[PDB]
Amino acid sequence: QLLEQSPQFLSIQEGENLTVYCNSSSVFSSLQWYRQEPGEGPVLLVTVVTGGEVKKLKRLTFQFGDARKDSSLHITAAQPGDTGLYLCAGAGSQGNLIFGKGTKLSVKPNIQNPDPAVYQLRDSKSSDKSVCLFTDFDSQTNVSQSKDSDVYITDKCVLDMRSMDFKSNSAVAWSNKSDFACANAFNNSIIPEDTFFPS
């Protein structure tokens, strides 16, 4: 008994629509969708119980196939908070649920006024020791990891400065490699040509 989900991974821009799909060769009396955040419990979104059922919960639209063999989840006007693992699950034959492997959704925030830059920050203590912060890039920029296992690079992270209505991306890189510098830290990435490298 098998439940296939596509796409397995989806990255899209805030504001776009998307459709995720769950299908089987098996018939199901019911089908559930869940949304899970990393290291947390999956949250039940819907149960559909009748072939051809359509259910709408705000921006989410769920549909059970006419032959009870598939379902889809359609999100309109995607928001960054929609980011998560979307799992479909079907009523199994032995008092169980049959789970798809999920669609891992990432919704990228619109950045209004990007100002990409790489800055150096120094330790409070050492210091001596430092990090490089690639920051203020728009969401068209991806941050790649290094093939050098002594160079550490985090993924991009969006912070939200509430009182200023201001969102920014950033990623941090660091290394003990002596010849590691802010100028070359983000060499694995395709960064904007007009990226500010100070002094």
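For every residue, the number given is its place in the sequence shown, counted from 1.
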{"query": "Mean C-alpha B-factor comparison - 136-144 and 44-52, higher one", "finding": "136-144"}
{"query": "Mean C-alpha B-factor comparison - 64-72 and 169-177, higher one", "finding": "169-177"}
{"query": "Residue selected from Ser29, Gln32, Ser130, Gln36 by maximal Cα B factor", "finding": "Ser130"}
{"query": "Chain-wide C-alpha B factor ranking for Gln79, given as lowest, middle or highest third", "finding": "lowest"}
{"query": "Lowest, middle or highest third - CA B-factor, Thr103", "finding": "middle"}
{"query": "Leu85 - which third its CA temperature factor falls in, relative to the rest of the chain", "finding": "lowest"}
